[PDB]
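Some notes on the structure that comes next.
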Amino acid sequence: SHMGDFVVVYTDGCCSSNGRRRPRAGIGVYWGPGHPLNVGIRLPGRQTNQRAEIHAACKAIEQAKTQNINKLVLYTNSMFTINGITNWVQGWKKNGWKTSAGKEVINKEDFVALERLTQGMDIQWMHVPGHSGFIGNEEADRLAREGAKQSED
RNA sequence: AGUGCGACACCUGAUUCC
DNA sequence: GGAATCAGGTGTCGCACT
Ligand SMILES: NCCCCCCN
Ligand code: NA
């Protein structure tokens, strides 16, 4: 039936050895089977699961704009990313980016970059279970892992 | 802030099986 | 590589008491 106005995308950020001596992080964006915009890229910068998860969503939005898409359904496993961008950020901006314990919000730069990207976009953030066997979740994850094998720069 | 709790991720190691 | 299982870790946030 119907057919809406949204285009669906699955993102994933992975980080092998997260919290260990040599973490390797990547981002993956999946637009559909064999879709030309699918990507698996090495994450530039500080290597962590949280940053990768947030930056995978940035990448999706960025690509979305590249195509004049402005009604996007973005699935991610990261409630940290969802809650951050759809809730915590409003408050952080009104309190000097401060944690529940008054400490500096660690991923400020990441959430700032993400919010800037959301401008002009009607994004519906949805959650997909990390262990979802759905093709979208697996491919995004597989893509992230492939990206993390790349070197930086 | 300290402590505790909650939550979603990301891992590392073993074992079974394909 | 993959279907699971068990141990243990960090990434990071909110919350409530002290
Ligand atoms: N439900 C308790 C989860 C604790 C996660 C600790 C991560 N450093
Ligand atoms: Na994920």
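Convention: sequence-line order gives letters A, B, ...; per-chain numbering from 1.
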May I have the distance from A/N95 (atom CG) to C/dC13 (atom P), rounded to whole angstrom? 12 Å
Compare side-chain N and O positions of A/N49 against OP1 and OP2 of B/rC11 and report whether any pair is under 4.0 Å apart. no
Is A/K103 near enough to B/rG2 that one of its side-chain N or O atoms lies under 4.0 angstrom from OP1 or OP2? yes
Strictly under 4.0 angstrom, non-hydrogen atoms only: write out the protein contact profile of nucleotides 13-18 of chain B, one letter per nucleotide from the 5' end, B, S or -. ------
Partners passing side-chain hydrogen bond (donor to acceptor under 3.5 Å, both in side chains) against A/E146 (at least two apart in sequence or in another chain): A/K149
Please examine the side chains of A/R46 and A/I106, heavy atoms only from C-beta on, and report whether any two atoms are closer than 4.5 Å. yes
What contact category does A/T99 fall into here, base, sugar-phosphate, or nothing, at under 4.0 angstrom with non-hydrogen atoms? sugar-phosphate
Starting at NZ of A/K98 and ending at P of C/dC13, how long is that distance when rounded to a whole Å? 12 Å
For A/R142, which contact category applies under a 4.0 Å heavy-atom criterion: base, sugar-phosphate, or nothing? nothing
Between A/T11, A/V128, A/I85, which is the residue that forms a side chain to side chain contact (heavy atoms under 4.5 Å, CB included) with A/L74? A/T11
Rounded distance (Å) that lies between atom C1' of B/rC11 and atom CZ of A/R22: 15 Å
Need to verify one output field. Residue with the more 5' nearest nucleotide on DNA chain C, A/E138 or A/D110? A/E138
Separation of A/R20 atom CZ from B/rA9 atom P, in whole Å? 21 Å
For the pair made of NE2 in A/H131 and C1' in B/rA9, what is the distance, rounded to whole Å? 9 Å
In short, A/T99 meets A/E104 closest at the heavy-atom pair OG1-O, 4.5 Å
Would you say the ring centroid of A/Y10 lies under 6.0 angstrom from that of A/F134? yes
Find the distance between CD1 (A/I54) and OG1 (A/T81) and round it off to the nearest 0.5 Å. 4.5 Å
Hey, what are the protein-to-nucleotides 3-8 of chain B N/O distances that come in under 3.5 Å?
from  : atom 1 : to     : atom 2 : distance (Å)
B/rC8 : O3'    : A/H127 : NE2    : 3.4
B/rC8 : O2'    : A/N77  : O      : 2.9
B/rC8 : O2'    : A/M79  : N      : 3.0

Do A/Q47 and A/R20 have side-chain atoms, one donor and one acceptor, less than 3.5 Å apart? no
When the distance from CD1 of A/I106 to P of C/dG11 is rounded to whole Å, what number comes out? 8 Å
Looking at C1'-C2'-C3'-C4', which way does the sugar of C/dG9 lean, north or south? north
For A/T48 and C/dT12, is the shortest distance between a side-chain N/O and OP1 or OP2 below 4.0 Å? yes
Does a sphere of radius 6.0 Å around CD in A/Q67 hold more than 12 heavy atoms from other residues, nucleotides or ligands, not counting ones at 6.0 Å or beyond? yes
Distance criterion of 3.5 Å, no angle test: do you see the side chain of A/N18 paired donor-to-acceptor with the base of B/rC11? no
By nearest-heavy-atom nucleotide on RNA chain B, the more 5' of A/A101 and A/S16 is A/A101
Rounded to whole Å, please give me the gap between CD in A/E109 and P in C/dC13. 14 Å
Can you tell me how far P of C/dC15 sits from CG of A/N83, to the nearest Å? 11 Å
Base, sugar-phosphate alone, or nothing: which one does A/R46 contact when heavy atoms must sit under 4.0 Å apart? sugar-phosphate
Students often get this wrong, so: under 4.0 angstrom with heavy atoms, is A/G84 touching a base, only sugar-phosphate, or nothing? nothing
Contact between A/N77 and A/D12 at the side-chain level, heavy atoms closer than 4.5 Å - yes or no? yes
Just wondering, do A/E109 and A/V112 contact through their side chains at under 4.5 Å, heavy atoms? no
